[PDB]
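Below: one structure, written as structure tokens.
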RNA sequence: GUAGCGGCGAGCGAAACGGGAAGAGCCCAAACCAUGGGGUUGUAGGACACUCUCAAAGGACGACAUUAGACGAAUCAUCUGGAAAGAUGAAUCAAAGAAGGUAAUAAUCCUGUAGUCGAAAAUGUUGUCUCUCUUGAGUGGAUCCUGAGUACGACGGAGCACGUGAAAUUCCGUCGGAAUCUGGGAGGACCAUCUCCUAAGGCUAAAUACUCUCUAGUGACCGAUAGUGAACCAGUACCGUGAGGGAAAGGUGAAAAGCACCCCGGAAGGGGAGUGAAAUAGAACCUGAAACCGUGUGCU
RNA sequence: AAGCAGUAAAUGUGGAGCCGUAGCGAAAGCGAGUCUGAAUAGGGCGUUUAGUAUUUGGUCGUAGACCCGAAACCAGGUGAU
RNA sequence: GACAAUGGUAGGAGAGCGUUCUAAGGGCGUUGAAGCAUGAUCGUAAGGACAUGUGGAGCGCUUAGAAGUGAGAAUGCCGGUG
RNA sequence: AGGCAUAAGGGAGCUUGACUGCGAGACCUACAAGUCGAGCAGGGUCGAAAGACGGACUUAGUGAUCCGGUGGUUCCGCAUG
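Protein chains in written order, with the working numbering: chain Y, 1 to 188; chain V, 1 to 144; chain G, 1 to 64; chain F, 1 to 57.
So this is what it looks like as structure tokens:
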């Protein structure tokens, strides 16, 4: 169509979507002990007056070797959001970019009896496909996920799971004749 | 293209990072000036009240009370209605649906900031005195 | 957490439909024998807060 | 370490208040009194409160 | 950050409505019978009259889970090399391209992983069978029960967002002291009308909070002055009468092959010869900066 | 928004709620007006109508809040070798 | 082109350099990475390269992102040595 | 201190404007305050009238807020009166 695959590659929004997609993927399980947390302390090493040395409060101040850290890593989160319309706009830019190029190449529903990577790699090679292809299927599939997810660069995913990060990660799409109608019905 | 990524122009800045040398501008005193109460860590007169002269909002007299049974309404002019057609008996739930009202505070009240040039049959809680006449000029009798 | 509003400022001022404040005059409690009729009748009207007041106290009133 | 024997009347604690509202912790004792309650086995004297001596021994 | 509370100052600060997770309700006292039956509440319920078909607590009873494991696809050669996984040729596996090691950088060398199989024995959870245990209802309205030194009040306090305030709703101390179904309470002083509920006895899972311990795993977390005080025989040297305070300290090499023998020397330490790819890698052992200390010289 | 589903993911759903389109008054209340006032007589505030969501930066607020430094105060205990 | 401006503390504004980690791209590396040392190199500065020794296994470059991101002063703390 | 003999000094007659609602505009001024003010509407006093009158020739005689007291009224009064 042209509401999904003919739109301008809106880069100011596509970038925000990519940045969000990666910021929401950090853990942030990193901490550090301040004056309160570092063990010990709580005694004045010497008198305030009458020794030649500098006046010091505890052995666990910042400058002391072995002290607490002043500021630094806090256990926190990085995920944020943006308006839904901008989400759909970014996820349509990420596909209009593939249609601008020849990244997209429709195919039919695959056929497998059990998962096997040999025929899958063969089909991928007989279609002049570059290394990283995104294999978008209608529903979640078992005979495709398994025979695909051992290869260096093949990522299978379903219309329920399209990503602004992973459309743009790849440079060659492999959608089925059914999932494409799924995405054009869903996407606005 | 995940290795050529440019954000929009004017959409990201460096944070100012004070306390890193004289060349940046904010090196030694880090923008705070010299000695004082506004140069200490955490030091600052609280907002408005300060500790000295009598503040403004403890020097002016209190005024009025506040009613518990306020009951104010959701305004609707004669222009939010123009998005409709003729015939069109209007319901205070219907008027919430066409993109006009989102909260019947205490009902809707029809006001007369505009003009119809239409013929609708409005139902609501309270009306104006200009709104009622502007509706009745084009038929479409109004009712509570 | 949420920035708390100044509950003594809210009793003494309201928010006009421009972004300025409608305060109430002073010298209007007692000792009305020591004031001219032109000065008692004059303090009965209301006035706004000047620019400098809004400099000091503008985020004490940020939910009004 | 003292209470009624028929109920659980115990002293409590609260404040004492001045005219200027200065508080200072004080206590509130139960009107406890030795009494030979003629309970089973033997007349035993215990600390019964003056409240539990009104109607029925 | 609303209502409200506040030397109305600094500040404190709700709840019902609404959207969700989860989601069940029960047993007593009294009337009445013979310590047992009997009976639970507000559409007023029960006793009495008419008939009329957590909630008691133990035990036996087969499938999964945890506590060891097992099988587990597929590579060769040439150059530099100390040594190949590198590079260059070609070849194969893949539901297995996690990761760790191996003389250098390995999907195909090993430990593994996907995937599947496995449990004498012990424990854990759920399934059904056993053992239980149970009579459920429906009208009526004379009269009879429905939690007493109780509710409430007064005085002094605490707590409710609410500082005694006009302080409603609750708790405590001390005194006075009620009604009993047309009864009683609440709807923010109080009063009357309506509307809602039925105190003064109890028992109840789930959603919720946390991590000493265990098991997998993750990290735009540290990498030896960092990360636990503690990577190392660390709550230890040490300090204190005591409570208590508390450090510093990692790295030979792939493999100890850890230097046979000779020479100087009392030895320590050296110089050779050796091992090793390398000994200015010799156990003070990866690199090895600056301070600092030296030896020689080109100009002065 | 919480929640629900989903790779501790983005996403989907979830319109309870929030801001704006209307102000004025202490309030009852009127409403492109309103309030004061016997009287828009005049005057005040309005009719500005473009706002809302996320994010970069600057500033502020509640937090230890740019870092180091007291004299002290309080609670529990240790001490008459 | 022409003309104007270009001392500067407190302070405001702007443009950059470098470290560490991440994503993607594309490299280098026992025929020798980082690191260290040496130089008479390049840019307006922060800085960058190259050659040469030592070293013996990891490192850069491009575009973005994230910060425990820059040290000469604190009678700073710790270690080494005068 | 500045003004005043047009009197702003003195005397007499009448009288209560030492009024209600305001107020273009301006002076001063960190803010809160302070000062002046023509003109309009309502009700009047003195004068025949034109007119004057919102105290005193002018500039000192004063004190936020909160809180409590007295008077009034269109306000609100927590299911309802």
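Think of the CB as a built atom: it goes at the ideal place given N, C-alpha and C, for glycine as much as any other residue.
Which residues mark the beginning and the end of the beta strand (DSSP E) in which residue 56 of chain V is found? Looking at the DSSP string, residue 56 of chain V is not in any beta strand (DSSP E), and its letter there is neither H nor E.
Comparing the C-beta of residue 5 of chain Y with each C-beta of chain V, is any distance below 8 Å? For residue 5 of chain Y, no CB of chain V lies under 8 Å from its own CB, so it is not counted at the interface with that chain.
Using a Cβ-Cβ distance under 8 Å, would residue 48 of chain V count as near chain G? yes
Between which residues of its own chain and residue 131 of chain V is the CB-CB distance below 6 Å, once the five residues before and five after are set aside? 110, 111, 112
Who are the neighbours of residue 8 of chain G on chain V, taking C-beta pairs under 7 Å? 57, 58
Please state the DSSP three-state secondary structure of residue 74 of chain V. strand
Name the chain G residues that come within less than 7 Å of residue 70 of chain V, Cβ to Cβ? Within chain G, no residue comes near residue 70 of chain V; the closest Cβ sits about 15 Å away, beyond 7 Å.
Strictly below 8 Å CB to CB, what residues from chain Y border residue 1 of chain V? Under the 8 Å cutoff, chain Y gives 97, 168.
With which residues is residue 156 of chain Y paired in a DSSP beta bridge? Y/135
Please report whether the beta-carbon of residue 17 of chain V lies at a distance below 8 Å from any beta-carbon of chain G. no
Are the CB atoms of residue 157 of chain Y and residue 134 of chain Y within a distance shorter than 8 Å? yes
Going by C-alpha to C-alpha distance, which of G/28, G/51, G/44, G/24 sits closest to residue 9 of chain G? G/24
Does residue 14 of chain F come out as helix, strand or coil in the three-state DSSP assignment? strand
Whether or not the region 131 to 140 of chain V and the region 10 to 27 of chain V are in contact is what I'm after, with contact meaning three or more pairs of Cβ atoms, one per stretch, closer than 8 Å; do they touch? no
For a cutoff of 8 Å on Cβ pairs, would you count residue 18 of chain Y as touching chain V? yes
Close beta carbons around residue 211 of chain Y, own chain, < 8 Å, minus the five adjacent residues each side: Nothing can be reported for residue 211 of chain Y: it is not among the residues displayed for chain Y, which extend from 1 to 188.
Using the Cβ count rule (16 or more neighbours within 10 Å means buried), how would you classify residue 171 of chain Y? buried
Compare the C-alpha of residue 41 of chain V against each of V/30, V/47, V/51, V/74 and name the closest. Measuring C-alpha to C-alpha distances from residue 41 of chain V to each of V/30, V/47, V/51, V/74 identifies V/30 as the nearest.
Do the region 29 to 48 of chain F and the region 42 to 53 of chain G touch if we need at least three Cβ pairs shorter than 8 Å? Too few Cβ pairs lie closer than 8 Å, so no.
For residue 28 of chain G, which residues in the same chain have their Cβ closer than 7 Å to its Cβ, ignoring the five residues on either side in sequence? 43
Collapsed DSSP secondary structure at residue 13 of chain G in the structure displayed: strand
Mapping DSSP to helix, strand and coil, what is residue 51 of chain F? In the structure shown, residue 51 of chain F falls within a helical segment according to DSSP collapsed to helix, strand and coil.
Give the single residue among V/69, V/1, V/129, V/6 whose Cα lies nearest to the Cα of residue 105 of chain V. V/69
At 7 Å on the CB atoms, spell out the chain V contacts of residue 71 of chain Y, in chain order. The premise fails here: residue 71 of chain Y is roughly 12 Å from chain V at the closest Cβ pair, so nothing lies under 7 Å.
For chain G, check one thing: does any of its Cβ atoms lie closer than 8 Å to the Cβ of residue 157 of chain V? Residue 157 of chain V cannot be examined here, being either before or after the span of chain V that is shown, 1 to 144.
What is the DSSP secondary structure of residue 183 of chain Y, counted as helix, strand or coil? helix
Buried versus exposed, by CB contacts within 10 Å (16 or more), residue 56 of chain Y: exposed
Close Cβ partners of residue 121 of chain V (< 6 Å) along its chain, the five nearest in sequence each way excluded: Cβ-Cβ distances below 6 Å link residue 121 of chain V to 89, 140 in the same chain, with the five nearest sequence neighbours on each side left out; the list follows chain order.
In chain V, what lies closer than 7 Å to residue 59 of chain G by C-beta? 47
At what residues does the alpha helix (DSSP H) containing residue 21 of chain Y begin and finish? 11 to 23
Cβ of residue 74 of chain V within 8 Å of any chain Y Cβ: Cβ-Cβ to chain Y under 8 Å: no for residue 74 of chain V.
Taking just the CA atoms, how far does residue 51 of chain F sit from residue 37 of chain F? 14 Å
Does the distance from the C-beta atom of residue 92 of chain V to that of residue 124 of chain V stay below 8 Å? yes
Three or more C-beta pairs below 8 Å linking the region 23 to 31 of chain Y and the region 72 to 82 of chain Y: Cβ pair count under 8 Å is three or more, so yes.
Residues in the region 105 to 125 of chain V with C-beta within 8 Å of chain G's C-beta atoms, listed in sequence order? none
Extract the residue ranges of the alpha helix (DSSP H) inside the region 70 to 130 of chain V, only unbroken runs of 4 or more that lie entirely within it. 94 to 97
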